[PDB]
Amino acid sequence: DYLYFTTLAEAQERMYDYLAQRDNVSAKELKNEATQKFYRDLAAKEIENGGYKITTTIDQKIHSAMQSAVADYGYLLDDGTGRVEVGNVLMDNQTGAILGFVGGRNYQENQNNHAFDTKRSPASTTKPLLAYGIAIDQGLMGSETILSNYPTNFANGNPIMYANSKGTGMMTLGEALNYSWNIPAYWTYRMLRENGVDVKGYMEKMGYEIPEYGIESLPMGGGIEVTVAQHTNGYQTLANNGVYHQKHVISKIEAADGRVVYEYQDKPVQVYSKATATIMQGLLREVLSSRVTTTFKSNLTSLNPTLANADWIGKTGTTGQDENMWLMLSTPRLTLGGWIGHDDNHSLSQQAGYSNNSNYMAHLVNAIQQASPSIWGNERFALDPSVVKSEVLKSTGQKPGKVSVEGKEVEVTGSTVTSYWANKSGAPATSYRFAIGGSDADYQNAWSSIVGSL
């Protein structure tokens, strides 16, 4: 089954490193293709013949419950576009340990491992990690910052689209995330590029490989393809108050006589500040509660109302032609990554991610809890003490004060709201260009509307 071959493949790679070091093979010698083939074959025979003890992070009751869940409820994914394939990884947020996974609908019918082997764009689940999370971390935005969703074009003249919408106007970060509007994510990433932020530094600390960081649609998942296991590791980082632990299934390999061939070594990395991570947790809580892009909270409330009252956060994604849907879920204890799609990349139904994957993942979450009642935990995500709280205008996401609007000094007042920041000073005073992004026309239409209201 999936677990046997995933474990065997990883143990063979660790045995390869061990044997080459044992036999004092130089890194140069190791570049020789014939030497490499010999050491791969030797590693395979050592595992096959050698009576090694492989210790995995797999919780057998949970992993077994996940296999029964996809066997019993995988048909809930079938949406009239043929048999829908699936990958899920359940990860301990404090360690990066993989407790269980779903490799696909049925190993016996299709052996492709959709948790560890298959790479697809994570689509709009990129946004919290690569755009908004980094912007907050760099003190370029807070929880109630305003972004432009006004119509705008990619460099090649194509409109930035969201379903059939060419865009609306100004909106909060919260609305931008709840809906997964695309234009606000585009502007956030353009701001990071313009400011020369080392985005690669963040993404590589979490083990992502992105070839071209200049892609305009990077936050929407253009120019990124990931395994479910890797992408689960990204969300583990946000859930774990910004501290990455490298994903692993193997914790140790020992010879029969107890000599250590390999032992996983924890190497925690603070990728985002605690302020940034805990702010993003609060935003991703509302993504699920708002139910705009996923029915997950409705599905889970019906299956298991007590589990639905755990502190769920997450994010959805849909690739361009609905070929791939994602739902990433966390409680403080665990992250569960979910992909669905077709092996031949053809389109899913329009609602496959919104409804079908949401219902299936509610069933998977329920099966995990029934197998291991305390595993999700009852702990809440909470704002770090280092978070800065700023009273800002609802209309500008910045502090009340004076702005020049067409000659005339204007006193900007009105509804205020607490905005969470991950810098020292918090939110700035309202300036004319108060939003992330927008044209001089957009600002003319945003200020008309705000001036109208004073």
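Residue positions are given as counts along the sequence shown, with the first one as 1. Between two forms, the rigid core is defined as the largest C-alpha subset superposing within 1.5 Å.
Novice: Between 319-327 and 84-92, where do the CA atoms move more in 4 other deposited structures of this protein, taking the root mean square over the structures and residues after a core fit?
Specialist: Larger mean C-alpha displacement, comparing 319-327 and 84-92 in 4 other deposited structures of this protein, is found in 319-327.
Novice: With the rigid core held as the alignment frame, decide whether 99-107 or 310-318 lies farther from the shown form in 4 other deposited structures of this protein, in terms of RMS C-alpha distance.
Specialist: Between 99-107 and 310-318, the one lying farther away in 4 other deposited structures of this protein is 310-318.
Novice: Taking the recorded C-alpha temperature factors, which stretch has the higher mean, 441-449 or 428-436?
Specialist: Comparing 441-449 with 428-436, the higher average CA B-factor belongs to 441-449.
Novice: Comparing 223-231 with 151-159, which stretch shows the greater average C-alpha B-factor in the deposited entry?
Specialist: Result: 151-159.
Novice: Could you say which of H248, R259, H342, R105 has its CA atom at the highest B factor, as listed in the PDB entry?
Specialist: Comparing C-alpha B-factors across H248, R259, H342, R105, the maximum falls on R259.
Novice: Per the entry's values, where does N182 land by CA temperature factor relative to the rest of its chain, in the lowest, middle or highest third?
Specialist: Tercile = lowest for this residue's CA B-factor.
Novice: Place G169 in the lowest, middle or highest third of its chain's C-alpha B-factors, as listed in the PDB entry.
Specialist: Highest third.
Novice: According to the PDB entry, is the CA B factor of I58 in the bottom, middle or top third of its chain, that is, lowest, middle or highest?
Specialist: It belongs to the middle third of the chain when residues are ordered by C-alpha B-factor.
Novice: Among all modelled residues of this chain, ranked by Cα B factor, put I215 in the bottom, middle or top third, i.e. lowest, middle or highest.
Specialist: Its C-alpha B-factor belongs to the middle third of this chain's values.
Novice: If you rank every modelled residue in this chain by C-alpha B factor, which third holds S68: lowest, middle or highest?
Specialist: It belongs to the middle third of the chain when residues are ordered by C-alpha B-factor.
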